[PDB]
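Novice: in the first instance, please consider these chains from the complex; the rest will follow:
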Amino acid sequence: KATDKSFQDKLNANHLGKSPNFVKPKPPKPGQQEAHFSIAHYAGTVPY
């Protein structure tokens, strides 16, 4: 039952979320589309 969407929340909840290179997503709920995470580099930052 791990439909892609179900995986997003796991990857935020279990021991990332607060780590300095992991950034929080742009809210799905009351939104529209999709589910993701966000990570960082020196050259820029990444929507996942």
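Specialist: Happy to help now that I have it. Residues are numbered from 1 along each chain as shown, chains lettered A, B, ... in the order given.

Novice: next, the contact list for the spatially most central residue of chain A, please.
Specialist: Of all residues in chain A, the one closest to the mean position by C-alpha atoms, centre = their mean is residue A:37, 1.7 Å from it. Contacts for residue A:37 (C-beta atoms under 8 Å, 6 or more residues apart in numbering) come out as A:8, A:11-12, A:16, A:22-23, A:25, A:48. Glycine gets a C-beta too; all of them are placed from N, C-alpha and C.

Novice: now list the buried members of those residues.
Specialist: Burial by neighbour count, 16 or more other C-beta atoms under 10 Å: within these this picks out A:8, A:12, A:22-23.

Novice: quick revisit: among the contacts of residue A:37, which one sits closest to residue A:42?
Specialist: residue A:23 (14.5 Å; C-beta to C-beta).

Novice: need phi/psi at that closest one.
Specialist: Note on residue A:23: backbone dihedrals following degrees, to the nearest 10 are phi -110, psi 150.

Novice: which residue packs closest to it, ignoring adjacent ones?
Specialist: Once flanking residues are discounted, residue A:23 sits nearest to residue A:38: 3.8 Å by C-beta to C-beta, 6 or more residues apart in numbering.

Novice: just checking, the one you found touches residue A:48?
Specialist: Yes - here residue A:38 reaches residue A:48: they are 6.1 Å apart, a contact under C-beta atoms under 8 Å.

Novice: add chain B to what we have:
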Amino acid sequence: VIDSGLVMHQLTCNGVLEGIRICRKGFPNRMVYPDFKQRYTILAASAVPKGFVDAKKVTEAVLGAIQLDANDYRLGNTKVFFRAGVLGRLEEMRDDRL
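Specialist: Alright, chain B goes in next:
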């Protein structure tokens, strides 16, 4: 303006003291047994089920599902009879309970 001399004649004389002595237990609400049995029915899904059930005898559990007090109603044949107070708000409550 109310006057007590007048009121003392008048409340004796309108059949009032006597006219509480009976009409106290007398019923101010009066409607029909088929609707009221059928509008209530499954309130007692614990007590009344199973194929087919008597014309009269079903009504007690369907009234008394939400407890309902045995003083403040009366069985009748076609017409059903209630009191004031006890009926209406327990009758609103049947939206939240149905």
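
Novice: chain B added, so what about the contacts of residue A:37 now?
Specialist: By C-beta atoms under 8 Å, 6 or more residues apart in numbering or on different chains, the contact set of residue A:37 is A:8, A:11-12, A:16, A:22-23, A:25, A:48.

Novice: for these, which one is nearest residue B:60?
Specialist: Nearest to residue B:60 among these, counting by C-beta to C-beta, is residue A:8 at 56.9 Å.

Novice: residue contacts, that closest one?
Specialist: Contacts of residue A:8 by C-beta under 8 Å, 6+ apart are A:25, A:35-37.

Novice: now, the most widely separated pair of the contacts of residue A:37?
Specialist: Most distant of these, by C-beta to C-beta, are A:8 and A:23, 13.7 Å apart.

Novice: which residue is nearest the middle of chain B?
Specialist: Nearest to the geometric centre of chain B sits residue B:82, at 1.6 Å (C-alpha atoms, centre = their mean).

Novice: just checking, that residue touches residue B:27?
Specialist: Yes - Residue B:82 lies in contact with residue B:27 (C-beta under 8 Å); the separation is 6.2 Å.

Novice: what do these two both touch?
Specialist: Residues touching both residue B:82 and residue B:27 by C-beta under 8 Å, 6+ apart: residue B:74.

Novice: SS state for residue B:20?
Specialist: Following DSSP: H, G, I helix; E, B strand; the rest coil, we place residue B:20 in the helix state.

Novice: just give me the neighbour total for it.
Specialist: 10 (other C-beta atoms under 10 Å in any protein chain shown).

Novice: also put chain C in, sequence below:
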Amino acid sequence: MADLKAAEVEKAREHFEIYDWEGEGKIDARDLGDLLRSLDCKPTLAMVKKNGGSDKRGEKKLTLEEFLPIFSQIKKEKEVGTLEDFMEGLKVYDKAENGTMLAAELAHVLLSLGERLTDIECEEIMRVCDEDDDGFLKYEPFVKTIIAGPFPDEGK
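Specialist: To build on what is shown above, here is chain C added in:
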């Protein structure tokens, strides 16, 4: 665990898109009611509001990410009603072993207690169904036409 198969997600996506009225892709928490209904699962408004639904229009806007986690939750509840409970239920009207039901006395039960129907919806019932000379309806064709729906064989 439950999720939604081929014809269950295609069904949910079709209907989801059908409800997009503004032209974005959102559905409403009020519209959820007739939407779940359109999916052919039969709730109370109580069952709807239990999984985030509203009286008014435009309070919370729901997405597909919210819609599918509604339907997967909704595929669990077992008591939807049968025919036979309603037989016993609607036998309680009787006084003389007829199985009949006068339209006047029948209007009052539709209006008074519950989620409820209107004066107008009653004028609709009394368009469609079999009265007679005294004016009885009959519980057996009645319940069966309800469960049959809009068009069994005839339909208007």
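
Novice: chain C added, so what about the contacts of residue A:37 now?
Specialist: When contacts are counted by C-beta under 8 Å, 6+ apart, residue A:37 touches A:8, A:11-12, A:16, A:22-23, A:25, A:48.

Novice: pick out the residue of chain B closest to chain A.
Specialist: residue B:96 (30.1 Å; C-beta to the nearest C-beta).

Novice: number of residues surrounding that residue?
Specialist: When neighbours are defined as other C-beta under 10 Å, residue B:96 has 9 of them.

Novice: that one falls within a helix, correct?
Specialist: Yes - counting by three-state DSSP, residue B:96 is located in a helix.

Novice: what about it, distance to chain C?
Specialist: Residue B:96 is 9 Å from chain C, where distance means C-beta to the nearest C-beta, to the nearest Å.

Novice: could you pull out the strands for the chain?
Specialist: If you meant another chain, say so; for now it's chain A. With DSSP state E applied, chain A shows strands at A:22-23, A:38-40, A:45-47, listed in chain order.

Novice: wait, chain B was what I had in mind.
Specialist: Secondary structure of chain B (DSSP E): strands at B:29-32, B:73-74, B:79-82.

Novice: ok, now which ones touch residue 33?
Specialist: Going with chain A. Contacts of residue A:33 by C-beta under 8 Å, 6+ apart are C:25, C:63-64.

Novice: sorry, I should have been clearer: chain B.
Specialist: Contact analysis of residue B:33 by C-beta under 8 Å, 6+ apart lists B:59, B:75-80, C:95.
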